[PDB]
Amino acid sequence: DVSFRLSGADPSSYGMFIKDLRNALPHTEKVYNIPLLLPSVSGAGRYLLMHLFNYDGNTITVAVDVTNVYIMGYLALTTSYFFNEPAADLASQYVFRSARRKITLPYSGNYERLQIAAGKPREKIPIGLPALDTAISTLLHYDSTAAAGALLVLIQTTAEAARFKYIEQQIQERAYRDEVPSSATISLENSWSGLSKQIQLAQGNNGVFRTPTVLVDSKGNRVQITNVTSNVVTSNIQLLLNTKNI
């Protein structure tokens, strides 16, 4: 398991968390020096438990699918909650079985559905360490509309930061003041699958992508990534979704 406490948190302790989260995900190969997540993992070992504590010391445990860094659900006191999707229903066979009751949330976990439920796109939802503390707090008691927003924060500040050093840095810069994500951050989130695929297809193609990936950069300019020499590949991306899952 991995843990993160908001009480006393700073950029360093957050970076240690995100490093622990990355290191907890299994891999047997690197591709261009980036860990390649596994095609599949059977049974319970498929799910990492993240223990998150708000500033007051209250806690939820979040279940994460180690093949794709997808959050499946969470435990808050004696109630478990899972996304309304088959992968989460499967996860509920393995994690938090000791919950006194299990609630299926009224949406799946993908960004489009969560934004619909929350009533706003994630361009408009501030993220940061304060936002994470609020998210955890919200998730402690069921409210499905409030939870959608909370989960959009939680996904970005855990999984998406594990995937991209740039995103991890963006949260660090919001350690004490929330701010909506940069467009670059949004772009990288949306491109993770595509990037992961193209980096893998590059291996038998002399480091060249079969299909260019369009990102937004730090300055809000849209740019094409065509090969493994790009800083998105050498510096930024930390985890690859296996092509078998794409």
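We number the residues from 1 along the sequence you see.
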For this session: Look up the CA B-factors in the entry and say which stretch, 93-101 or 158-166, has the higher mean.
Result: 93-101
Seminar exercise, completed: When mean C-alpha B-factors in the record are compared for 25-33 and 56-64, the larger belongs to 25-33
Seminar exercise, completed: Among the modelled residues of its chain, the C-alpha B-factor of residue 84 falls in the third labelled middle
For this session: Looking at the entry's B-factor column for C-alpha atoms only, identify whether residue 110 ranks in the lowest, middle or highest third of its chain.
Result: highest
Exercise. In terms of the CA temperature factor given in the entry, to which third of its chain does residue 13 belong: lowest, middle or highest?
Worked result: middle
Exercise. Lowest, middle or highest third of the chain for the C-alpha temperature factor of residue 209?
Worked result: highest
Seminar exercise, completed: Of the three thirds of the chain ranked by Cα temperature factor, residue 235 occupies the lowest
